[PDB]
DNA sequence: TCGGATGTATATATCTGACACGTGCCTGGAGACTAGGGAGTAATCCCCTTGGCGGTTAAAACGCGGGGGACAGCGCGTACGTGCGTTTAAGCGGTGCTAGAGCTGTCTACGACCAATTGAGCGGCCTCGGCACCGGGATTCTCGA
DNA sequence: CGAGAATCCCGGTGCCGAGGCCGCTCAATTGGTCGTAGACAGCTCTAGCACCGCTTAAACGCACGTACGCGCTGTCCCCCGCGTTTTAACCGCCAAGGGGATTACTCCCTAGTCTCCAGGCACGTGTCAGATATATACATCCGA
Ligand SMILES: [Zn+2]
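Chains as they are written, first to last, in this note's numbering: chain P, 23 to 124; chain D, 43 to 143; chain U, 205 to 282; chain V, 10 to 92; chain Z, 224 to 320; chain L, -7 to 89; chain E, 204 to 286; chain A, 86 to 178; chain C, 53 to 147.
Right, here's the structure in full:
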């Protein structure tokens, strides 16, 4: 396949179909699916690595929405990227103002 | 009448908006009454803004509308202010307002 | 109805937010802001459903309405 | 010619006029540095976007279209300079 | 015995920030949503998933608002939140005119 | 002789500058600053005078809005003078970084 | 010496970098084989990209604890590789 | 080259409403930008609705819902009334 | 029964490659799917906008590269463009 | 509590350039045809939403007591507004130059459309362990001392 | 420094969601052609950069002195924590039919194509609304 042609894990065929079906442009080049699949794959790898790290720190063997929330809101540029997204069952980070403490 | 604008009794060109929609990749196909509808809405909006622009111009004793008059109109009209709540108008200025304290 | 949102629930929301001490009028103010927010969201969703020719408001329509309002929500097939 | 310390061209009387238009009445002494910093970061972002647009266009001149379109990307649309 | 005021408050604060379940009870919220939708169009039907999504969104928005009011209140040198804080926070956000 | 008390000249100035619309920051210093900032990122760029003017427009609008919010916060704090803490609160509540 | 030489290029470990999979590599070779090429462990294929990002941000790639031990035990070998 | 604009059209509207008022170039350009802004907003909303509803063409109903979603209450009401009057006129004659 | 498609198997593949000893909940797969779709939408939409803007009717690798540089913040965007250029040169090496 | 002076507003002239109009020309708009797919409509099935009723049970509501927090008054000391004199550089305006934006011809490699072929991937069925829940002990704290 | 509960750390059971395997059809692959969007070369003129000088408006620095930020104190009353009583949310369970989803059918609305032509385009030209400078008349704000 084209995925094995470049060593990626994401579907070159699916993303090529979606670019056409979305009516984004009259014609679509060949390197576009490969590039877009690569960037999506790397981003998901980042998210999964951080979520798994947080989950293992919490001492569990599965990722849950709370682990995803910890991972995203704990990292600076990822918080910037998903600054407008609310995660279901995510909760909030433990943070108390210094003066409010006894 | 030949022209669609005269057919519908509008000033904005149905043919122009038809061409623009066709060359916009908004859909594979476009309808017939859609340009007419869009032109009517656009014309009503321009008429609405010109109402207040002209009234402000008369208030300032001027014959020509300017960006300051446009800014005053937009920011005095409550609804249009919500429509254009995130728009900067060049040379617009700020409404005269001093807070109480 | 609107007073169904009770004051221990409001207190729990404030506690989760990090608030330590609350006053008396906070309850009515919070009821007002919540009413406004719900009004807007259900208006948009109902418009979508009315366009779709359906009598059942679906979570996908709510997700679209929240996307319109700039409050994107994950977790419902979005 | 190499440029340096141009951020100091934003004079304190100019800062004062900006605040006077904004409606401020009494002005403190430490806020000039803060205004300079915020203006710096804002210009950094808008210039970044405009330069990238021009780079993709394969040109050597930054245009009003590029600046306007960057400001539209940031969600701060501006009228009166085309488009 | 009695704890001094504020310590049970912060204990609850920690307990609730450690948790992840929803706080508003389902039946009153569903009745509220049905009443609101009744005004606009008659005889609508709701998905349970749609009601849950609305609950999620309202939960998050209220939590964020309360964070902002707490910040304004502590800025005002007070420790108690007040309606003026919420009003000012909404104004600065730009929701309220 | 004569000396106006503090405040009256301030009101006079604010009404003067709210009546008019001309630009305030000086154009040659602004052009120098923007050219330097550009030189930071990529070498050898030329600028439209219209582009410089548009950048000045946007910066002016943004700073005036920021000062309005800062004044609101300072008034909320039962003060008359604004400060960097007020500026920081304005930016934080807006949600900028 | 055998434990103190990376298994790829067999030279003595200079500025060793211990990946979270407990493996270790010598530096000019770490960035030659990993940092700019694959972003994965040469033996267990573990992805390391964010690890390297965070460490390059905080300049903690080189295990100090093992580096001091290596310099104390084989300073001559370290100097010979450096030269 | 040619630089398309709605100048004569805005002038027609302004002459229709206020017979004694002219327009400046800066204001004319501002109005030209505003029309294009609302144009892209409405068109994008209609396209999203059409794609979501699994339909291959946009029409009067699509633009009607787009105007209803975008403009606030009374403006949208008057706009939809104007639109239906105009389309009725066009389809009748 | 509608044949809805999903990214679940490939997300699972990436997780297997990065963290071998870890599992996933169906809820979590839902958020991962939504996130992938959202990023795809943003990139495709801005790239289409750029292609319309430069009066050119084809969307290519240069368009997507500029897309990544405008959307993602600095460090990650550098990493993404590196990954993408590696992938495209590897693909065009073979036919 | 009048009075000076200084800012504002008011009035008037005038000269200029920006706006309005005439005019002529070419690309976009209008009309006519076609044929082909997409939406309209009827019908059918079954799934999900609504409604009712009750049982234990934790949550909500009410009262009360008091102590910590908000708000007002006061006093002190300094930082910023205001005025003036001096210094600096921005603004206006000619001149000169060339580098790069913009337009156009030619040719061509690259992508849309079409037909054949197959296997990755999705709906379904299965099975079993990670963590929800829970009863017993340690701690890590809060409060009185 | 003392007690003393709230919470943290811990061993057991067990059960519902996760992980694995199945198999078939629709989407991916492959091969091929044709045409046009796109890459590359060539020429050409608006404009961005650089300069110089004169002028004058604006920026700096200084002084002064008074209004406001800040800490402190006191007082009154409004939430917080606890104990007790009332209530309806939550779960399980059974009934019912309205409407979402799917399939088939058919007619009509629109992309694509070609032929005509006039409303919209640039370009040239004329003149009156308004910026500027300047002369005048009042509001008012603070010193006396
Ligand atoms: Zn390894």
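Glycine included, every Cβ here is placed at the ideal spot set by N, Cα and C.
Exercise for the section: Pick helix, strand or coil for residue 53(P), following the three-state DSSP scheme. Expected result: helix
Handout entry: Cut-off 7 Å between Cβ atoms - residues of its own chain near residue 133(A), not counting five sequence neighbours on either side
Key = none
Exercise for the section: Give a yes or no on whether 9 Å exceeds the smallest Cβ distance from residue 10(L) to chain D. Expected result: Interface criterion met: the Cβ of residue 10(L) is under 9 Å from a Cβ in chain D.
Exercise for the section: Kindly indicate the opening and closing residues of the alpha helix (DSSP H) around residue 243(E). Expected result: DSSP places residue 243(E) in no alpha helix (DSSP H); its state is neither H nor E.
Handout entry: Cutoff 7 Å; reference residue 21(V); Cβ partners in own chain excluding five residues on either side
Key = 41
Practice task
Kindly indicate if chain V contains any beta-carbon less than 9 Å away from that of residue 148(C).
Solution key: With chain C covering only 53 through 147, there is no way to say anything about residue 148(C).
Problem - 9 Å Cβ cutoff met for residue 69(D) and residue 143(A) - result: Result yes, Cβ atoms of residue 69(D) and residue 143(A) sit closer than 9 Å.
Practice task
Give a single yes or no on whether residue 90(V) has its beta carbon closer than 8 Å to a heavy atom of ligand 2.
Solution key: This structure does not include ligand 2; its bound ligands are ligand 1.
Practice task
Say yes only if the C-beta of residue 71(C) is nearer than 8 Å to one or more non-hydrogen atoms of ligand 1, and no if none qualify.
Solution key: Flag unset: Cβ of residue 71(C) not near ligand 1.
Problem - Rounded separation between residue 62(C) and residue 31(P) - CA only - result: 6 Å
Exercise for the section: Could you please give me the residues that DSSP links to residue 104(P) through a beta bridge? Expected result: Residue 104(P) is not bridged to any residue.
Problem - Minimum Cβ-Cβ distance from residue 137(A) to chain U less than 9 Å - result: yes
Exercise for the section: Quickly, what does DSSP pair residue 208(E) with across the bridge? List them, please. Expected result: Residue 208(E) pairs with 215(E).
Exercise for the section: Would you check if the distance between the CB atom of residue 261(U) and the CB atom of residue 280(Z) is smaller than 9 Å? Expected result: No; because the gap between Cβ atoms is not below 9 Å, this pair is not in contact.
Problem - Contacts that residue 13(L) makes with chain D (C-beta to C-beta distance below 8 Å) - result: 109, 110, 133, 134, 135
Problem - C-beta neighbour in chain U for residue 106(P), strict 9 Å - result: yes
Practice task
Would you kindly check if the distance between the Cβ of residue 67(L) and the Cβ of residue 143(D) is under 9 Å?
Solution key: yes
Practice task
Check distances from the C-beta atoms of the stretch 241 to 257 of chain E to those of chain C and list, in chain order, the residues that come in under 8 Å.
Solution key: 248, 249, 250, 252, 256
Exercise for the section: May I ask which residues mark the beginning and end of the alpha helix (DSSP H) holding residue 32(L)? Expected result: According to the DSSP assignment, residue 32(L) belongs to the alpha helix (DSSP H) that extends over 19 to 33.
Practice task
Taking all protein chains shown into account, decide if residue 115(C) is buried (16 or more other Cβ within 10 angstroms of its Cβ) or exposed.
Solution key: By the neighbour-count definition (other C-beta atoms within 10 Å, threshold 16), residue 115(C) is a buried residue.
Handout entry: Sequence ranges, alpha helix (DSSP H) only - wholly within the stretch 10 to 37 of chain V, length at least 4
Key = 21 to 31
Problem - Simplified DSSP assignment, three categories, for residue 118(P) - result: coil
Exercise for the section: Can you tell me which of the three DSSP states residue 351(E) falls into? Expected result: The structure shown does not extend to residue 351(E), since chain E is modelled only from 204 to 286, so the question has no answer here.
Practice task
Kindly list, in the order they appear in chain D, the residues whose Cβ is closer than 8 Å to that of residue 90(V).
Solution key: 132
Problem - Closer than 9 Å to chain A by CB, residue 44(V) - result: No - not a single Cβ of chain A is within 9 Å of the one on residue 44(V).
Problem - Which of helix, strand or coil DSSP assigns to residue 108(D) - result: coil
Handout entry: Test: residue 92(A) CB closer than 9 Å to a CB of chain D
Key = no
Handout entry: Buried or exposed (CB count within 10 angstroms, at least 16 for buried), residue 5(C)
Key = The question about residue 5(C) has no answer, for chain C in this structure spans 53 to 147.
Practice task
Go ahead and pull the three-state DSSP assignment for residue 156(A).
Solution key: If DSSP states are grouped into helix, strand and coil, residue 156(A) belongs with coil.
Exercise for the section: Rounded to whole angstroms, what's the CA-CA distance from residue 175(A) to residue 75(D)? Just pull it up for me. Expected result: 8 Å
Practice task
Indicate whether at least one CB of chain A lies closer than 9 Å to the CB of residue 86(V).
Solution key: Residue contact with chain A for residue 86(V): present (Cβ-Cβ distance below 9 Å to some residue of chain A).
Practice task
Can you give me, in chain order, the residues of the stretch 66 to 88 of chain C that have a beta carbon less than 8 Å from any beta carbon in chain U?
Solution key: 79, 82, 83, 85, 86, 87
Handout entry: Closer than 8 Å: residue 224(E) CB and nearest ligand 1 heavy atom
Key = yes
Problem - Listed by chain order, chain Z residues near residue 247(U) by CB distance under 7 Å - result: Simply 263.
Exercise for the section: If I'm right that residue 99(A) touches residue 92(D) with Cβ under 8 Å, what's the distance once you round it to whole angstroms? Expected result: 5 Å
Handout entry: Span of the alpha helix (DSSP H), counted from its first residue to its last, around residue 281(E)
Key = 278 to 285
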